[PDB]
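Presented below is the structure to which this report refers.
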Amino acid sequence: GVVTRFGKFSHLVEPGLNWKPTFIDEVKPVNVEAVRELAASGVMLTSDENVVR
Amino acid sequence: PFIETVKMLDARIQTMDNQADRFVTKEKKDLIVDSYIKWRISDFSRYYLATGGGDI
Amino acid sequence: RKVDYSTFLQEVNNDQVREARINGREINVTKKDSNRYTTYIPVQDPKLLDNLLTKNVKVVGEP
Amino acid sequence: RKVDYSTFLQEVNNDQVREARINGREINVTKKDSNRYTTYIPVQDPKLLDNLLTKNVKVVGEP
Amino acid sequence: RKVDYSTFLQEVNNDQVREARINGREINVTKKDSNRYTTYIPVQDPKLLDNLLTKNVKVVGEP
Amino acid sequence: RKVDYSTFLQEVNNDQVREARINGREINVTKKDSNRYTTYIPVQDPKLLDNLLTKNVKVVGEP
Amino acid sequence: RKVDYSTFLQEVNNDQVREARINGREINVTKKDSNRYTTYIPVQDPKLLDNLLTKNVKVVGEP
Amino acid sequence: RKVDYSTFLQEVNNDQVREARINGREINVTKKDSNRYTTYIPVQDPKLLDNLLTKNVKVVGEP
């Protein structure tokens, strides 16, 4: 988690149960342990005036 | 309490599957191979330090 | 986050989905980049599970 | 407003509907010209969802 | 007045019905000659809705 | 007097009954020789309507 | 005496059943040698009756 | 133990399950290696029962 008190980037928060002043600071969770995968495909021009998928 | 956390690393022999790999032989005949590896953590301190964090 | 069912479909056929959990009509959809959004089924689709399985998408039931 | 189901069928065949929100029995149709109306299904039609998908019509479920 | 289902389907294939208001188990039907009657599905038949849609017969649901 | 569902099927396969009064699961059947009885459907059978329609057997529903 | 579904279908395909007393999910099965047992339908099956009538076994229902 | 529905189907397709007790949505899977776990059916899958019977998998219903 990234916790910000009135948008000042308070600190970094480890997993588990935690406490924060309600209506004062906000926490944004982000997936760090998980591994993310992306697929990129295209018809692309080569050196010898050739196109390949 | 509330300040110290712990990471778990299993010492068992761990298997890993590689599927539908494509390999070209000496005579340029491409053929599909699927194999498997089995690895064990020889030293846990080195495994944690060298690898990114402590993730498998 | 609420996302409609159609774009969830052409995301499934364009294999950006990794895990889908179906408790009831709703589906908890996780993308390949670990972004999750809920979807609602408009009406029961017999081809839905078949399409999900053929695209090698992880499917999770619920108690 | 209210619109006959066959009217909705021929309407979606000619590709001038944009958004179709399904709430169980009822359908809230959005036209391409920002016209909104209501349609009802006679009986469970498996071909309906397929037909709406193949013509690139947005479909939105409800809780 | 109640009209038999076999006679109903044959009359639909005869292209003599104009409107059919379907109430779940019930159907309220208007002939082309402004004759009103009422019929019943014996058991769920999607081919019914297929036949009415292909015959350009008006189909009406209600809340 | 109750008649087996299977026996009903090879009997109607022989073109020997005229009317089928369908009341949910149970069916009131009259043969060509004015013999009346009742038959019960074990489970939902989609081919029942197709077979009954193909062989010119009249069907009537109930309120 | 309870017998599983798969072996019951094996017996049906191997023709050692005479009549089937279907009561909801339960099926009271009598072999051709007058052996009585009970089987259960786990999930709705769309083809069991097709094979049952193909093998010409007397299927009955229960009120 | 809980094992996902898609994983269970991959397992049965690879000849790894022996008997499956189906209790509504819940399924109690026993693998050929005497390992037992539990899975849940996400939505109504007609192909499930055919896949189970085809791969010579014992299927058992429950009251």
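Chains as they are written, first to last, in the authors' numbering: chain U, 106 to 158; chain H, 57 to 112; chain e, 30 to 92; chain D, 30 to 92; chain C, 30 to 92; chain A, 30 to 92; chain B, 30 to 92; chain f, 30 to 92.
Note that beta-carbon positions come from the ideal geometry of N, C-alpha and C, so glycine has one too.
For the region 66-82 of chain B, which residues have a CB atom closer than 7 angstroms to at least one CB atom of chain A, in sequence order?
-> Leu78, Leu82
Beta-carbon gap between D:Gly53 and e:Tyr69 smaller than 8 angstroms = no
Does the beta-carbon distance from e:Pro75 to D:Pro75 come in below 8 angstroms?
-> The answer is yes: Cβ separation under 8 angstroms.
Who are D:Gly90's beta bridge partners in DSSP?
-> D:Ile51
Taking all protein chains shown into account, do 16 or more other C-beta atoms lie within 10 angstroms of the C-beta of U:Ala144, making it buried, or fewer, making it exposed?
-> exposed
Since C:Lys87 contacts C:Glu40 with CB under 8 angstroms, what's their CB separation in whole angstroms?
-> The C-beta distance from C:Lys87 to C:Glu40 rounds to 14 angstroms, too long to fall under 8 angstroms, and the pair is not in contact.
Would you check if the distance between the CB atom of C:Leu78 and the CB atom of D:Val72 is smaller than 8 angstroms?
-> yes
Taking the DSSP output, what are the residues bridged to A:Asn57?
-> A:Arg50, A:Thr67
Counting contacts by CB-CB distance shorter than 8 angstroms, is U:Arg158 in contact with chain e?
-> Chain e contact via Cβ: absent.
Answer yes or no: does any C-beta atom of chain A fall closer than 8 angstroms to that of C:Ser63?
-> Output row for C:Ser63: interface = no.
8 angstroms Cβ shell around e:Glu55 - same chain, five flanking residues per side excluded = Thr67, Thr68, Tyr69, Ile70
Beta-carbon spacing of D:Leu82, e:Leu38 below 8 angstroms | yes
Same chain only: Cβ atoms within 6 angstroms of H:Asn74, ignoring 5 sequence neighbours per side = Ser91
Classification of e:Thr59 by the beta-carbon crowding that lies within 10 angstroms, buried from 16 upward | Buried, by the Cβ-count rule.
Cβ of A:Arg30 within 8 angstroms of any chain B Cβ = With 8 angstroms as the cut-off, A:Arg30 does not count as an interface residue toward chain B.
Does the beta carbon of D:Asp33 sit closer than 8 angstroms to a beta carbon anywhere in chain C?
-> yes
What's the call for H:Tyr103, buried or exposed, on a 16-neighbour Cβ count within 10 Å?
-> exposed
Tell me which same chain residues have a C-beta within less than 7 angstroms of the C-beta of H:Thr81, skipping the five on either side of it?
-> Hits under 7 angstroms: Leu87.
Inter-residue spacing [alpha-carbon to alpha-carbon] between U:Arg158 and D:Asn85 | 26 angstroms
Hey, how far is the Cα of U:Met149 from the Cα of U:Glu142?
-> 21 angstroms
Per DSSP, which one or two residues make a beta bridge with B:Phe37?
-> Here B:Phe37 is not bridged, per DSSP, to any residue.
Separation of U:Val107 from U:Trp124, as counted between CA atoms = For U:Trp124 and U:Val107, the distance between alpha carbons rounds to 13 angstroms.
What do you get for B:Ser35, buried or exposed, if any count of 16 or more other CB atoms within 10 angstroms of its CB means buried?
-> buried
Interface residues of chain C around A:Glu91 at Cβ under 9 angstroms?
-> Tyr69, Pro71
Identify the continuous alpha helix (DSSP H) that holds A:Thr83 and give its terminal residues.
-> Residue range 76-83 is occupied by the alpha helix (DSSP H) that includes A:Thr83.
Report the three-state DSSP secondary structure of H:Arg78 (helix, strand or coil).
-> strand
Start-to-end residues for the beta strand (DSSP E) that takes in U:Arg110 = 107-110
In angstroms with no decimal places, state the Cα-to-Cα distance between U:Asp130 and H:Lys63.
-> So the alpha carbons of these two residues sit roughly 29 angstroms apart.
Residue from H:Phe79, H:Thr71, H:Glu60, H:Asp77 with nearest C-alpha to U:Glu119 | Of the candidates H:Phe79, H:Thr71, H:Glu60, H:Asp77, the residue whose Cα lies closest to the Cα of U:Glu119 is H:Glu60.
Distance between beta carbons of H:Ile112 and H:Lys94, contact taken as under 8 angstroms | Contact flag wrong, Cβ pair sits at about 14 angstroms.
Cutoff 8 angstroms: B:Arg54 Cβ touching any chain f Cβ = yes
Beta carbon proximity, C:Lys60 to chain D, threshold 8 angstroms | no
Output the distance between the C-alpha atoms of H:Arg78 and H:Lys84, rounded to the nearest integer angstrom.
-> Approximately 12 angstroms between the Cα atoms of the pair.
With a CB to CB cut of under 7 angstroms and the five nearest residues on each side skipped, what residues in its chain are close to B:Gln45?
-> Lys60, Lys61
Roughly how many whole angstroms lie between the Cα atoms of H:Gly110 and B:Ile51?
-> 59 angstroms
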